[PDB]
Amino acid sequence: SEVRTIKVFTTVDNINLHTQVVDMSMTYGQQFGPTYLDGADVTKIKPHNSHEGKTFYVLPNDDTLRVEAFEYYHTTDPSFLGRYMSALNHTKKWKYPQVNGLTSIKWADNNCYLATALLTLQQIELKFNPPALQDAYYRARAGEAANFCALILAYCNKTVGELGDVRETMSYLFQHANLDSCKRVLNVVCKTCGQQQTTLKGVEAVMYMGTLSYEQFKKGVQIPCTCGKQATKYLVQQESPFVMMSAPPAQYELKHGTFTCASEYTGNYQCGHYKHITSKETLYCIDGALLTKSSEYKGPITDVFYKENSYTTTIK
């Protein structure tokens, strides 16, 4: 039969586009291997006329693309790009309303942990290392978050429709962000053992599991010693843009202007519901596209974020 062709562009990063000529007999998979158009999988689909001039994502099958993909995504996981496109295919159908001047996500496919994490990122000082996240985050901040939510799902290895833990998500995100200058100094005192001082850098310096209260962390918290007698661990110095204080969900009271934002978890382990509480002129509770205001909030809190620059203890 007659040989028909169109010109298209193939890419890994949507920065470097490569012109390709395609046969309208064969499928995209036959010609380039797995292929995607705005996340949809067209590997088994033959070219259409409307496809002419459009940009397609493909897998790296030569050194140029591999280098391009690594520089942009800072990963070599060969499933990464297929999971990103697979996820994006769903995240592009989500609605990202501006609630309180921050970008949220209308609830779908248990995205309540992603709404809350996205709302948190817009409230704390953070620079991602992978250009893919820098670029998607900047678009997200301005109300186009479908690529950011797709990359988060891809980086966190989560499927659409699966509920995730906000503390884990953020931890993964922190690992891909520049926190080299973040420092924390802890002191532990035991009447028997003595005083021991430890320094922490990066992600370890901005996160803590076992108390929501930044103030309690500075007074001291009780922890079990190696010896077995109770010991007091307290914060001596902290240099970071913020601190994330986590604990298993507990009835907690949040007071206006004593924190930046908090994750509220209702329900049971890995099958519950997240809400985002932020401190502005009053307390705002953001629940996807839903918003309510109050001067006071008691409820089950699991993460609390506090802004910070430089703290030093006046203890001893």
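Heads up, when I say rigid core I mean the largest set of C-alphas that superpose within 1.5 Å between the two forms. Residue numbers run from 1 along the displayed sequence.
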**Item:** Which of 224-232 and 160-168 lies farther from this form in 4 other deposited structures of this protein, as RMS of C-alpha positions after a rigid core fit
**Value:** 224-232
**Prompt:** Which is higher on average in the deposited entry, the C-alpha temperature factors of 108-116 or of 187-195?
**Reply:** 187-195
**Prompt:** 131-139 versus 227-235: which one carries the higher mean Cα B factor per the record?
**Reply:** 227-235
**Complete:** Per the deposited entry, the peak Cα B-factor within the set 247, 261, 26, 286 goes to 26
**Request:** Among all modelled residues of this chain, ranked by Cα B factor, put residue 13 in the bottom, middle or top third, i.e. lowest, middle or highest.
**Result:** middle
**Asked** Which third of the chain holds residue 308 when residues are ordered by C-alpha B factor: lowest, middle or highest?
**Response** middle
**Asked** Lowest, middle or highest third: where is residue 165 by C-alpha B factor in its chain?
**Response** lowest
**Request:** Going by the recorded CA B-factors, say which third of the chain residue 153 sits in, lowest, middle or highest.
**Result:** lowest
**Message:** Could you place residue 57 in the lowest, middle or highest third of its chain by Cα temperature factor, using the values in the record?
**Reply:** middle
